[PDB]
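As structure tokens, the structure follows; a few thoughts come after it.
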Amino acid sequence: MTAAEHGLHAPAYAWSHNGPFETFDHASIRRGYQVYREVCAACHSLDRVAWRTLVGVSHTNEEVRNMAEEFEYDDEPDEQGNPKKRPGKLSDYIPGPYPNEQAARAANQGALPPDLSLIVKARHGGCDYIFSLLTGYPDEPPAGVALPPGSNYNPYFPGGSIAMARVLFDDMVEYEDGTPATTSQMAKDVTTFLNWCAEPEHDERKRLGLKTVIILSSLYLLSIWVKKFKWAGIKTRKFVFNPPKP
Amino acid sequence: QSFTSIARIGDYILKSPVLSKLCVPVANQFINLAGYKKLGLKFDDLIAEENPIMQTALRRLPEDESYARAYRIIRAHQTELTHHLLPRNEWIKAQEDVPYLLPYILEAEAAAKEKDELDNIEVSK
Amino acid sequence: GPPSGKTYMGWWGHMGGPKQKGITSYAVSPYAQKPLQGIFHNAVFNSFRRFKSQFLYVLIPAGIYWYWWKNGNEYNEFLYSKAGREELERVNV
Amino acid sequence: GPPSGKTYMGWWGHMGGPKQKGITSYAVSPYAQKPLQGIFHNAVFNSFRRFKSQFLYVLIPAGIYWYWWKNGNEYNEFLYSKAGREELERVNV
Amino acid sequence: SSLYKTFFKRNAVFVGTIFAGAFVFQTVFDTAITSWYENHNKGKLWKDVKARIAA
Amino acid sequence: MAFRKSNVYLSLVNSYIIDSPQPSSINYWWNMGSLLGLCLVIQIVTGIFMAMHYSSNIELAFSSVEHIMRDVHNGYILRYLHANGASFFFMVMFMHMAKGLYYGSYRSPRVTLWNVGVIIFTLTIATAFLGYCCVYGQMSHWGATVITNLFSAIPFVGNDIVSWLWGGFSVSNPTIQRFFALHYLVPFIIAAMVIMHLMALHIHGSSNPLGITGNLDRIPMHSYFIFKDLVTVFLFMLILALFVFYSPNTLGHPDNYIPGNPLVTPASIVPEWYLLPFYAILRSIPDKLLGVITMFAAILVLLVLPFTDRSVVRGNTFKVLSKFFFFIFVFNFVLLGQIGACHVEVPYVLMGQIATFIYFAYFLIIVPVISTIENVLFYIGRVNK
Amino acid sequence: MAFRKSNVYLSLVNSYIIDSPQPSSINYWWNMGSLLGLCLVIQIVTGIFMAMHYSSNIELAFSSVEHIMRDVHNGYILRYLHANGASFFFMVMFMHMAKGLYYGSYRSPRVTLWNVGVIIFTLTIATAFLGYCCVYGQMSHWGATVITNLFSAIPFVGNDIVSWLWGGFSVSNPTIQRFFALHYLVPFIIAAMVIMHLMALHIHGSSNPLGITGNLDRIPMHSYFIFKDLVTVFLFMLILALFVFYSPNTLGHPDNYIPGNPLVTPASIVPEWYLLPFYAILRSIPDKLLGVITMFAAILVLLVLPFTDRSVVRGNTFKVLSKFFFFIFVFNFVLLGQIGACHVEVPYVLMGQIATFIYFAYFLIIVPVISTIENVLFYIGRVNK
Ligand code: HEC
Ligand code: HEC
Ligand code: HEC
Ligand code: HEC
Ligand code: HEC
Ligand SMILES: COc1c(O)c(C)c(C/C=C(\C)CC/C=C(\C)CC/C=C(/C)CC/C=C(\C)CC/C=C(\C)CCC=C(C)C)c(O)c1OC
Ligand SMILES: COc1c(O)c(C)c(C/C=C(\C)CC/C=C(\C)CC/C=C(/C)CC/C=C(\C)CC/C=C(\C)CCC=C(C)C)c(O)c1OC
Ligand SMILES: CCCCCCCC1=C(O)C(=O)c2scnc2C1=O
């Protein structure tokens, strides 16, 4: 199959969370959330993430409460039956930009921006892919490529023709922690935040793993020793034959 | 495959000087690569015994050969479990690797084949 | 209970083997043996032996299959590159 | 197989009973017997016998329980009617 | 090893002493691991990020 | 006698696990069986606990698995254990099967033992597949579509059996719900089949690496093999642990983290790694009917081995030509798997076709021919007349 | 020997169903066992087919059962069969149990046989109850609430076990979904337990109405009892048919055709008819803890019978005092059931309390006293000195 069809192979960036003993970088998760809210949320939903899961991860209980209340959700009908709204609470799920699939396509040339809740696990390449796609838009497509109207070229995307334009540009976000918001810094951040969205158990899973692997390793070594001891009588056993007379 | 059949083919090759000089040297090389001799076994010790022909054969085998087969088999299992081979001076020599059970196996097969033949004989008037 | 069918294995005391005689076994308690540590110096050069006799039966068939795979793969890569788009139209349909 | 525990039942040929002698049984093939229709005239008045000996053991305990139930029920009905609202306040709490 | 013969004296360790030791192990081990783990990732955790924040 | 011998229930345990006479020389290849029982338990236990939080409705299936992943305490451990466990179940089964092939375990008097094992293998494939469909991801939907369509190949009624299996016009809500019900049922049939497997094993006992009788020197299952089994049980757990905690999705497909879509089939479909060799065989036949028949035959051909093995000795331990060809067969199987992961393109299609030929030829041509030749070689190398 | 004897699998069938030596005199009371196996099959089969269309979510459970009733072809037959089958399962079990009580089947050497049977009875009660909760009607919800709360009686941790069992603040979506998962599991445990029951029965064989040995005159299970079993199997089916087609809801409760409501408990709650005797016992003790302990004891007391029966002969066939009291016990049990269907009102509460006393006194006082007296009567009626 032609390279253009498979797509350019994403290289291996040194993510701080790569490695058996490494946790996510929560500061990066925090920043990433801002990039998602200020840039991505305009077209991408995050349906599977609940406000409460942000508490103690990237924001305080108070901060998340304020964020959730800026949005309205359908409340239970009043004493008379007429519908009524209500501010958001921690139990709710982060709302999306569109009310349905049809309106989502209408606002995007007919394309459907997928939900980003599992995006990192739903693509070969994971973080390396998402980052590479975001920072890999060339100013001009390679010579000879007949790019369809309304499309964009990106080498990392299969077939090269993607319906999402470049959306990250230097300093389009004012990082609350002071960090220089370069396009690569922002891509590096959202991706980390998107990895957490898909694998919230990450940090904990690796801690439990370290305990599990130490016990089982020890048990394995110990069993060998016990087995050899229990077998020593059979192993060193010796025979002698003395032909019986007729 | 019956031993009667193995013998037919093997004997035909063994008699003709054309094949006899071509094959035997290959067969001898095969037997050494098999390595059963390094475990103190004779080829006949390796024959699968779970069938009537082999049970009849082992039953007719004289006492002294039987006790010897027993010692060879036990000795083999013990060496195998230790993941070693016997010291070279204990290996079965080619002169020793004789088909001692074969004559009993062939006798039983003929007896068996005859019965099969007789139980099914047709009659022409 | 109901009568049982004849098998090729019995149980302790009537296993089904031939009558044994002349063979004498000897053994020493695992308790009186050297604690597991002597499986070196005496049992190290002896080891790995049971794979020097076998690796050929595994390596050759492996080698054969690895080269066959590598060959067909490199050919595929060529066929779908620019240089091979001509031969691709030949072997394809 | 492994040795089995002693029971109070064996199998055909060694059931576990005492040695029998002197007893002689006789039987006639079901094929040579009168087709099922003779279970009347000769086997009708004889029947129902195995319940004329038992019904008392069933009837008395039944009777006892039926009257006990009927009594308590009729009492309940009275207690919750108008006539018994007075006695109801007495036995209730 | 005479270190063994002082506590158990030529006998094996009994279930009770095994179960008791298991309960002790479970707590000690978990603290040792959580500690080493958090120290290895110092600067990346929420604890560390919360300090650099003031609201 | 001892209580373990006299009690009605304990004697069963005693005869199968404690006093069972084992051939003194069996090696670690004989440890796969117990490992298979362990796998069966791990699959049943983790499955029941997840069933407590799972919804089979087509509109909720995918999200209920996400619910197990995000909200259920220790939920991700349960799912990754169940999922990675299925893979480990097949890795161990292939080794169990290969061990049997190499040592002539399928030979008389263990034919019944071998045939019941083939049935178990089929039931396991069916079970894992049904479980795969319960996630209702992209791969799930198309797999449910392809496998059920496999039946349309039957002449006349075929398309009917299919609409029946679906319970409608296509893979929909009646499909996934019946698949869940079925995924829960089959594992208990495997358990019963595993008991029959063990009953058949008990009448003649285990074979050994020398291929000859074990009746002259046996040692009790209890102590020796109980403790030897423990060694591989722990090693098995260590490795499974590494995947579950450190690399939970390496043996899965990213497309399954995308909800099933009736209108779009993924641009690149790669089935479960343990089905790849069969997927390649299917793909290699440019005819619908013949394609499915040859695939099913790839499994049923295992039944032929007791008859085509013409040898007079059991096993490949002392057989030069058989050992060599045994490995050609093994690596040919791996190759078939590699072909299955590639696109239907030029060098691959022909390679797939030849590998398929080789696979069937091993059972029907190579084994009978080679075993006959080896029989003769063994004879003429010692007879002096 | 015959193939049915030599084959590893067929010999099991031969020894249990074909050549099994039966006492020539057993009567139709010995036909309940096979009827119990049949019931177990009918429950499992109809259950799996309905599981294909059932949704365990609390918002869909009730409607999915209605969906089975209205849309699934032959759906109502499946539900009415499953539902009415559970009742028939208990009618037959009580007769199986009563038969054992009357003939001293629980006596040595069949104690193990009797104890395994008690375990099965408990597992069956648990199974039917879980199934009852899956309908999620009004009775379902409150039953799930009451039975799970039964555990709060345990001191200290009791209320914890309960919130654990619920998986939340109250009987909710985590409850009903785990109950469905569990309802599917338990029947297969009963099956395994039924096999152990049969193994225990096989070592000493069936008893007979005379209470003495059967070793002097046995006849093969095959033909005689296979065909006699057929007689009651058909009679059993005829009667079940009458309820399923002509009166499907007579053994159910109208309140279960009303969706469960967390805020309202029905004004009149009457549990399943086969649980009524136990419901009455519970209600008769004005203390929470003692109430649940006495109810559980009503079942466990069955274990005591092999020790309190002081007689020297097995069974009540030749015993005047024992037959009489046996029936007092039977009708006392029915009475307890009738009390359970009434309101906690005046004549009933005291009647319930006395009946409960009588129930326990039968096992602990009446049987040992009466059997001793009968032993002596038997002696002094023949010894002349
Ligand atoms: C609307 C103007 C968008 C904004 C702002 C961002 N995205 Fe987007 N995205 C959009 C569309 C229309 C599509 C569909 C592309 C197609 O050809 O199907 C997408 C897609 C993605 C994807 C998935 C790509 C894939 O591999 O299939 C990713 C990973 C993605 N978008 C990420 C992303 C992020 C992180 C953004 C903020 C930095 C972002 N998008 C903004 C439309 C729009
Ligand atoms: C109800 C009990 C239950 C049993 C018994 C069970 N499973 Fe599952 N299985 C499930 C459920 C629920 C899921 C869906 C959750 C999930 O994806 O893991 C599942 C999913 C699966 C999957 C998909 C894994 C994935 O990628 O998510 C496979 C494969 C599987 N089962 C294999 C097996 C095998 C093989 C066995 C038994 C030998 C088995 N299961 C027994 C309940 C069960
Ligand atoms: C999944 C398989 C399955 C098995 C196995 C099964 N059931 Fe059920 N059962 C169900 C389902 C689904 C329902 C809900 C539908 C219904 O109400 O009938 C149910 C409901 C019930 C009910 C409620 C009946 C009613 O009024 O609607 C009872 C009682 C019951 N089962 C008893 C049993 C008993 C007793 C057994 C076995 C001995 C059993 N079940 C085995 C699936 C099963
Ligand atoms: C296609 C074949 C096949 C399959 C699949 C199979 N078995 Fe076996 N099994 C065998 C054979 C043949 C033997 C006899 C091995 C010998 O003695 O050489 C055996 C032996 C065993 C043993 C004895 C110890 C050993 O490993 O040799 C156990 C335990 C066992 N199997 C368990 C299982 C379980 C559990 C499963 C799967 C759920 C299974 N088997 C599936 C063929 C199979
Ligand atoms: C509490 C007791 C108890 C329960 C419940 C029980 N059994 Fe039994 N069972 C017995 C006893 C005791 C016998 C011995 C009868 C005799 O020979 O007198 C018996 C005998 C049998 C028999 C032999 C034929 C007969 O009816 O006497 C079968 C078959 C059987 N039981 C099946 C079952 C099945 C199936 C179940 C339920 C799923 C069951 N039993 C539940 C006590 C019980
Ligand atoms: C002749 O040679 C042999 C040999 O014979 C044997 C037996 C072994 C040893 C290995 C085995 C015996 C393997 C056997 C495995 C099995 C019998 C597995 C049976 C499988 C099952 C899945 C059992 C079913 C389990 C359940 C129904 C219960 C699980 C569910 C539970 C507990 C739910 C609990 C719920 C709540 C709410 C708490 C050898 O190693 C061997 O080598 C030489
Ligand atoms: C000594 O005295 C005896 C005596 O011993 C016996 C045995 C009997 C005869 C009675 C019996 C043997 C009863 C036995 C009953 C059982 C063994 C029942 C076992 C129960 C089960 C539930 C088996 C489990 C079934 C399944 C897993 C399969 C069902 C499901 C299916 C087929 C789903 C199919 C799906 C699709 C999509 C088509 C007597 O009458 C007797 O009297 C004197
Ligand atoms: C023994 C049965 C082997 C199963 C072969 C079917 C393999 C198979 C396909 O052929 C296919 O087209 C798709 S699309 C999604 N999954 C699959 C899959 O598993």
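Within each chain, counting starts at residue 1; across the structure tokens, chains are named A, B, ... in the order shown, with ligands numbered 1 upward in that order.
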Selection near residue 276 in chain F, 7 Å with only C-alpha atoms, sequence-local residues under 5 positions removed, as a PyMOL selection string: chain F and resi 271+337+340-341
Write the residues of the selection above to a file with N, CA and C atoms, as a JSON list (two decimals), in the first residue's frame.
```
[["chain", "number", "residue", "atom", "x", "y", "z"],
["F", 271, "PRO", "N", -8.16, -8.95, 12.62],
["F", 271, "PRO", "CA", -8.81, -9.73, 13.67],
["F", 271, "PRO", "C", -7.87, -10.06, 14.83],
["F", 337, "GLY", "N", -0.13, -16.51, 10.12],
["F", 337, "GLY", "CA", -0.60, -15.45, 10.99],
["F", 337, "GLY", "C", -0.10, -14.09, 10.53],
["F", 340, "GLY", "N", -1.99, -12.96, 7.56],
["F", 340, "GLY", "CA", -3.31, -12.49, 7.97],
["F", 340, "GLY", "C", -3.36, -11.03, 8.41],
["F", 341, "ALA", "N", -2.23, -10.51, 8.91],
["F", 341, "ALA", "CA", -2.15, -9.13, 9.35],
["F", 341, "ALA", "C", -1.78, -8.16, 8.22]]
```
Env. residues ligand 1 / 9 Å / only C-alpha atoms and all ligand atoms / as a PyMOL selection string: chain A and resi 32+35-44+104-105+107-116+119-120+122-123+129-131+133-134+151-152+156-158+161-168+186-187+190-191+194
Could the residues of chain D within 8 Å of chain C, counting only C-alpha atoms, be given as a short mmCIF file (atom, residue, chain, number, x, y, z; two decimals) with N, CA, C and O atoms, in the first residue's frame, please?
```cif
data_model
loop_
_atom_site.label_atom_id
_atom_site.label_comp_id
_atom_site.auth_asym_id
_atom_site.auth_seq_id
_atom_site.Cartn_x
_atom_site.Cartn_y
_atom_site.Cartn_z
N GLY D 1 -8.08 -49.47 39.40
CA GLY D 1 -8.28 -48.14 40.05
C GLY D 1 -7.99 -48.15 41.54
O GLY D 1 -7.61 -49.19 42.10
N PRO D 2 -8.15 -46.99 42.22
CA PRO D 2 -7.91 -46.85 43.67
C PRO D 2 -8.89 -47.69 44.46
O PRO D 2 -10.01 -47.94 44.01
N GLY D 10 -23.87 -53.88 46.77
CA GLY D 10 -22.87 -54.30 45.80
C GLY D 10 -23.44 -54.14 44.40
O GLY D 10 -24.04 -53.12 44.08
N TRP D 11 -23.28 -55.18 43.58
CA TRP D 11 -23.78 -55.16 42.21
C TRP D 11 -24.18 -56.59 41.84
O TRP D 11 -23.90 -57.51 42.59
#
```
Residues within 8 Å of ligand 3, counting only C-alpha atoms and all ligand atoms, as number ranges by chain: F: 181; G: 39-41, 43-54, 65, 68, 78-80, 82-87, 89, 124-125, 127-135, 180, 183-188, 190, 252, 256
Surroundings of ligand 4 up to 6 Å, based on only C-alpha atoms and all ligand atoms, as a VMD selection string: chain F and resid 30 to 34 36 to 37 93 97 100 105 to 106 113 to 114 117 to 118 120 to 121 194 206 to 207
For the interface of chain C with chain B (cut-off 7 Å, counting only C-alpha atoms), please tabulate each contacting residue of chain C alongside its nearest pair of atoms and their separation in Å to one decimal, rows sorted by chain and increasing number, as JSON lines.
```
{"residue": "C:8", "atom": "CA", "partner": "B:50", "partner_atom": "CA", "distance": 6.7}
{"residue": "C:20", "atom": "CA", "partner": "B:67", "partner_atom": "CA", "distance": 6.1}
{"residue": "C:21", "atom": "CA", "partner": "B:67", "partner_atom": "CA", "distance": 6.4}
{"residue": "C:23", "atom": "CA", "partner": "B:71", "partner_atom": "CA", "distance": 6.6}
```
With C-alpha atoms retained, write the just-selected residues as a compact mmCIF listing (two decimals), in the first residue's frame.
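Printed below is part14.txt as written:
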```txt
# COMPACT_ATOMS: atom_id res chain seq x y z
CA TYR C 8 -3.07 -50.04 30.03
CA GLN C 20 10.66 -56.71 38.09
CA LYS C 21 13.61 -58.53 39.69
CA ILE C 23 16.97 -54.01 40.08
```
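The space between CA of residue 249 in chain F and CA of residue 57 in chain F spans 24.7 Å.
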Nearby residues (only C-alpha atoms) at most 12 Å from range 47-52 of chain C, same-chain spacing under 5 positions excluded, as an MDAnalysis selection string: (chainID B and resid 80 82:85) or (chainID C and resid 39:42 57:59)
Exercise answer, chain A residues close to chain E, 7 Å and only C-alpha atoms, as an MDAnalysis selection string: chainID A and resid 22:27 56:58
So that I have them on file, write out the residues from the current selection with N, CA, C and O atoms, as a JSON list (two decimals), in the first residue's frame.
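Writing the result to part33.json gives the following:
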```
[["chain", "number", "residue", "atom", "x", "y", "z"],
["A", 22, "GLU", "N", 6.50, 5.95, 35.83],
["A", 22, "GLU", "CA", 6.11, 7.35, 35.64],
["A", 22, "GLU", "C", 4.63, 7.73, 35.65],
["A", 22, "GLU", "O", 3.81, 7.11, 34.97],
["A", 23, "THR", "N", 4.32, 8.79, 36.38],
["A", 23, "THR", "CA", 2.95, 9.30, 36.47],
["A", 23, "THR", "C", 2.76, 10.38, 35.40],
["A", 23, "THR", "O", 3.71, 10.82, 34.78],
["A", 24, "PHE", "N", 1.52, 10.79, 35.18],
["A", 24, "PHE", "CA", 1.26, 11.87, 34.24],
["A", 24, "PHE", "C", 1.86, 13.11, 34.91],
["A", 24, "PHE", "O", 2.23, 13.07, 36.09],
["A", 25, "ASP", "N", 1.97, 14.20, 34.16],
["A", 25, "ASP", "CA", 2.45, 15.46, 34.71],
["A", 25, "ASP", "C", 1.14, 16.22, 34.87],
["A", 25, "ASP", "O", 0.51, 16.60, 33.89],
["A", 26, "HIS", "N", 0.70, 16.41, 36.11],
["A", 26, "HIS", "CA", -0.57, 17.08, 36.35],
["A", 26, "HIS", "C", -0.65, 18.57, 36.00],
["A", 26, "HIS", "O", -1.74, 19.09, 35.77],
["A", 27, "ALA", "N", 0.51, 19.23, 35.94],
["A", 27, "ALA", "CA", 0.55, 20.64, 35.57],
["A", 27, "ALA", "C", 0.20, 20.71, 34.09],
["A", 27, "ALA", "O", -0.59, 21.56, 33.66],
["A", 56, "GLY", "N", -8.95, 17.23, 42.22],
["A", 56, "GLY", "CA", -7.83, 16.49, 42.76],
["A", 56, "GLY", "C", -6.89, 15.98, 41.69],
["A", 56, "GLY", "O", -5.89, 15.32, 42.02],
["A", 57, "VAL", "N", -7.20, 16.27, 40.43],
["A", 57, "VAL", "CA", -6.36, 15.82, 39.32],
["A", 57, "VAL", "C", -5.69, 17.00, 38.65],
["A", 57, "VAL", "O", -4.46, 17.03, 38.52],
["A", 58, "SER", "N", -6.50, 17.95, 38.22],
["A", 58, "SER", "CA", -6.00, 19.14, 37.54],
["A", 58, "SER", "C", -6.57, 20.45, 38.09],
["A", 58, "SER", "O", -6.11, 21.54, 37.73]]
```
Using only C-alpha atoms, I'd like a table of the residues in chain F that come within 10 Å of chain D; for each, show the closest atom pair and its distance in Å rounded to one decimal, ordered by chain and ascending number, as JSON lines.
```
{"residue": "F:1", "atom": "CA", "partner": "D:5", "partner_atom": "CA", "distance": 8.0}
{"residue": "F:2", "atom": "CA", "partner": "D:5", "partner_atom": "CA", "distance": 9.8}
{"residue": "F:3", "atom": "CA", "partner": "D:5", "partner_atom": "CA", "distance": 9.3}
{"residue": "F:5", "atom": "CA", "partner": "D:4", "partner_atom": "CA", "distance": 7.1}
{"residue": "F:6", "atom": "CA", "partner": "D:5", "partner_atom": "CA", "distance": 4.5}
{"residue": "F:7", "atom": "CA", "partner": "D:5", "partner_atom": "CA", "distance": 7.3}
{"residue": "F:8", "atom": "CA", "partner": "D:5", "partner_atom": "CA", "distance": 8.0}
{"residue": "F:11", "atom": "CA", "partner": "D:2", "partner_atom": "CA", "distance": 8.2}
{"residue": "F:12", "atom": "CA", "partner": "D:2", "partner_atom": "CA", "distance": 9.5}
{"residue": "F:14", "atom": "CA", "partner": "D:2", "partner_atom": "CA", "distance": 8.8}
{"residue": "F:15", "atom": "CA", "partner": "D:2", "partner_atom": "CA", "distance": 6.6}
{"residue": "F:19", "atom": "CA", "partner": "D:2", "partner_atom": "CA", "distance": 8.6}
{"residue": "F:20", "atom": "CA", "partner": "D:2", "partner_atom": "CA", "distance": 9.0}
{"residue": "F:202", "atom": "CA", "partner": "D:1", "partner_atom": "CA", "distance": 9.5}
{"residue": "F:203", "atom": "CA", "partner": "D:1", "partner_atom": "CA", "distance": 8.7}
```
Prev. selection, N, CA, C and O atoms, output as a compact mmCIF listing (two decimals), in the first residue's frame:
```
# COMPACT_ATOMS: atom_id res chain seq x y z
N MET F 1 -9.06 -47.73 55.78
CA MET F 1 -8.09 -46.98 54.92
C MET F 1 -8.16 -45.50 55.26
O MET F 1 -9.03 -45.09 56.01
N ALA F 2 -7.26 -44.70 54.71
CA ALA F 2 -7.27 -43.26 54.98
C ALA F 2 -8.64 -42.66 54.58
O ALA F 2 -9.30 -43.19 53.68
N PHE F 3 -9.06 -41.60 55.26
CA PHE F 3 -10.35 -40.97 54.99
C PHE F 3 -10.42 -40.44 53.56
O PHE F 3 -11.49 -40.50 52.92
N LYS F 5 -9.40 -41.72 51.05
CA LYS F 5 -9.66 -42.84 50.15
C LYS F 5 -11.11 -43.34 50.25
O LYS F 5 -11.72 -43.71 49.25
N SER F 6 -11.64 -43.37 51.47
CA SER F 6 -12.99 -43.89 51.72
C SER F 6 -14.15 -42.95 51.45
O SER F 6 -15.22 -43.41 51.06
N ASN F 7 -13.97 -41.66 51.71
CA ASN F 7 -15.05 -40.70 51.49
C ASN F 7 -15.41 -40.65 50.01
O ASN F 7 -14.53 -40.59 49.15
N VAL F 8 -16.70 -40.63 49.70
CA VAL F 8 -17.17 -40.60 48.32
C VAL F 8 -16.63 -39.41 47.50
O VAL F 8 -16.22 -39.57 46.35
N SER F 11 -12.27 -39.24 47.61
CA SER F 11 -11.58 -40.24 46.80
C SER F 11 -11.38 -39.76 45.36
O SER F 11 -10.37 -40.08 44.75
N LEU F 12 -12.34 -38.99 44.84
CA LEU F 12 -12.25 -38.44 43.50
C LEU F 12 -11.04 -37.53 43.49
O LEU F 12 -10.16 -37.65 42.65
N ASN F 14 -8.58 -37.51 45.58
CA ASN F 14 -7.39 -38.32 45.84
C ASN F 14 -6.87 -39.01 44.59
O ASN F 14 -5.66 -38.97 44.29
N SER F 15 -7.78 -39.62 43.83
CA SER F 15 -7.37 -40.33 42.63
C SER F 15 -6.91 -39.42 41.49
O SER F 15 -6.04 -39.80 40.71
N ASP F 19 -2.97 -39.11 44.82
CA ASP F 19 -2.29 -40.39 44.60
C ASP F 19 -2.08 -40.81 43.15
O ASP F 19 -1.48 -41.86 42.89
N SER F 20 -2.60 -40.03 42.21
CA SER F 20 -2.47 -40.32 40.79
C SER F 20 -1.01 -40.62 40.44
O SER F 20 -0.13 -39.81 40.67
N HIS F 202 -7.59 -40.11 32.69
CA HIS F 202 -7.42 -40.97 33.85
C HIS F 202 -7.37 -42.47 33.56
O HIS F 202 -6.68 -43.22 34.26
N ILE F 203 -8.05 -42.93 32.51
CA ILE F 203 -8.03 -44.37 32.24
C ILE F 203 -6.70 -44.96 31.79
O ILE F 203 -6.41 -46.09 32.12
```
Atomic distance atom 37 (C, counted along the ligand's line) of ligand 6 - CA of residue 176 in chain G, expressed in Å with one decimal: 13.3 Å
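Interatomic distance, atom 6 (C, counted along the ligand's line) of ligand 2 against CA of residue 71 in chain F: 20.5 Å.
Candidate residues G:27, G:322, G:64, G:149 were compared for distance to chain F, and the nearest is G:64, using only C-alpha atoms.
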Test item: residues lying within 7 Å of ligand 8 with only C-alpha atoms and all ligand atoms, as a ChimeraX atom specification: /F:125,139-140,142-143,146-147,269-272,275,278-279,295-296
